[PDB]
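Okay, so we've got a single protein chain in two different forms coming up as structure tokens, structure 1 first and structure 2 after it.
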Structure 1
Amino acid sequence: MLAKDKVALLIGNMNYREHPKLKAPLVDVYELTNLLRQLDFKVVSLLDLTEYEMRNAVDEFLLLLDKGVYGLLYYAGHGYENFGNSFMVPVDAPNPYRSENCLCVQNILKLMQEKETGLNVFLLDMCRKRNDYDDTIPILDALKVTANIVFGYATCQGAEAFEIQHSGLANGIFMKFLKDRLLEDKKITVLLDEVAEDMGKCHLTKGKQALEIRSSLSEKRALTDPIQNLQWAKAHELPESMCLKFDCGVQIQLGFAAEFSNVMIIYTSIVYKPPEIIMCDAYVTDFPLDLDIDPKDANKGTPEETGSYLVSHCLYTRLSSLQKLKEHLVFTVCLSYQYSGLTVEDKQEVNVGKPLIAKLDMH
């Protein structure tokens, strides 16, 4: 079987303002992003999205879908399910929240079917208990019979999906098993069936979590199927490294690394210091307030100190929330230094345009 293209949107929500925070969606999304890119999916991955941001991301994703395209959505975070409709909870959801605060997966599926996709895959790594605060009984239009829909639910209806407490960079349960099968050249339904059996051997989750597969897929389609727009591609291209030269002769390298489509690490280092100058330090400051950075967290001697655990003699700064950037990413590189024969302060403003997810101009 053939795909016209293969496109995936992955969202991991962790840092909930009003609900229990999670940890493993970060590694779950990061690892699945890498696996899907190995399968030639065009992937956008996003962490910690508000309702507005989730809807925008989904809209961009729907725009890339067209006749014969394979579309895949993976979501790791809080969720619920009322009357067979599944809902994904954004990080800004109030407590309590209801349907109007959340995205209904069935609504997204309907929109995907309208683009005449060749395959629709939903991997929902979230709890599926009822939300007692949601008393709505919405009737969505019956879906067309396109016979090309597959759901892999991390857990069953009315049950919870889990990650492990105090487990460092361990995956959640679903991804722990999914990651080891995803590259198999097999119909997606069979691949998930295997994952369900693997998960059936996980003692931690016996009686609490079991994969559910739902499929009407009537052709032998697989995530490995051969493929037989520019902005979506550019949304994962980092800014080029740059070598800033300051008036005094000091040059500072400025580098970038990607964690997610909305999370970038900037690092600086001194690459040349004139003999004149006995010592110098450079650091980054004055970032757009929209990014909501804390300076006690920036300019750290280690990436993990910024909360960046997937990075690897510089200073590191984590820019999460790039999706909130409405203008160019402009910031200052400050330099302090001294000449043999006594402290000076200079600075240089840098503009790296619209990095990563900002390329989609979701706003």
Structure 2
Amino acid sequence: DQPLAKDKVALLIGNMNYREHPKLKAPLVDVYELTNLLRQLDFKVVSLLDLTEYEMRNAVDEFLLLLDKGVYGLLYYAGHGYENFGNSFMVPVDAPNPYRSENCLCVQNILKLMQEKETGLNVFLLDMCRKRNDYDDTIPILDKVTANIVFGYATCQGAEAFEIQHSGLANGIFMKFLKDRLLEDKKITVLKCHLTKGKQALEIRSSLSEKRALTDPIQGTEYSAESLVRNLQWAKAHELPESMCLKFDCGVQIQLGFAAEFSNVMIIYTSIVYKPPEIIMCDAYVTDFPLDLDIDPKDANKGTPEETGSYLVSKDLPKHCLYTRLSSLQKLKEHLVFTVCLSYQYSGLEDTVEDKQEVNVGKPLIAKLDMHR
């Protein structure tokens, strides 16, 4: 018969800003573009950048809690990894140098937890940068039947070769794999990666009792409290604050708008939307962000979103603003309180008047979970 999904859930993790290890760049683009693909296939997606051990374990555990009988679950990791005695590990951004298994999340344990579910399809995809000389070890096989599983594991030896092979947009190995191997053609309307130098590997392994695809329909409910819970739990972790018109005392109106780039990355943007006739010149800027978010002012207040480090290009956002990228939202302890400043001059005068308003926007996106240490 036709295979159906009970639900479609996905978790995508991209680690880049490593403290004790060389920084990567590729994950950002590949997480974003895979998120966009899966979203069009009717997955609810969580997409997280730059996670610590604690954050990664909470994220993966709560993903595994969503896997139940019939559920289609996809997990993706990109960033540094390591291998020891058949066991592979995903390295968080706070990991010490050298790597230790206590600090890292083990791949095989996640694989064993996923196959202990009666899911309709498990997909686990790893796009690891390895250390240069970290090849696969000599092992016995000591310790994949009824579970439907697709396991994909890509490696490049060294950050150089990793970033080289991942150069380009749209060209992710697993995005290509999913589009070619896991999508049935006419069921959906969806909107070269040359082999580069160095040492690389790809392994793909599958065990399926019947044909399964990411395009398989969700078994739809009209009156399920479980469907409601599932949808609402995800959706309330993805609320943006509404656009604000900030009216200053002198009559200047600044509009403040918001965009989601990841579940833990929000773009904010400002524009003047009314200047009164008394005032000849004005400008506005944002400052005073919570220290937990770690905002560098040099990546704030920029006149294109591209300059903040965003994926979002000048076509994707309202034009003619100053843009600021607020990453690390999972670290927010209290409320995202910040300050919008206005500088203005009265008609004909050299005198610049400064003014400011404090904005509270609550706990946007994944910050709503309030799950910090």
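Residue positions are counted from 1 along structure 1's sequence. In this text, the rigid core denotes the largest set of C-alpha atoms whose superposition between the two forms falls within 1.5 Å.
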Tell me, with the core superposed, which single residue in 51, 66, 31, 40 has its C-alpha moved by at least 2 Å between structure 1 and structure 2. 66
Would you say whether residue 99 is displaced between structure 1 and structure 2, judging by a C-alpha shift of 2 Å or more on the superposed rigid core? no
Core-aligned C-alpha movement of residue 172 between structure 1 and structure 2 reaching 2 Å: yes
Residue 272 C-alpha shift between structure 1 and structure 2 of 2 Å or more, rigid core reference: no
Taking the rigid core as the frame, how far in Å does the Cα of residue 136 move between structure 1 and structure 2? 14.9
Rigid-core-superposed Cα shift at residue 286 between structure 1 and structure 2, Å: 1.2
Between structure 1 and structure 2, how far the Cα of residue 320 shifts once the core is aligned, in Å: 0.7
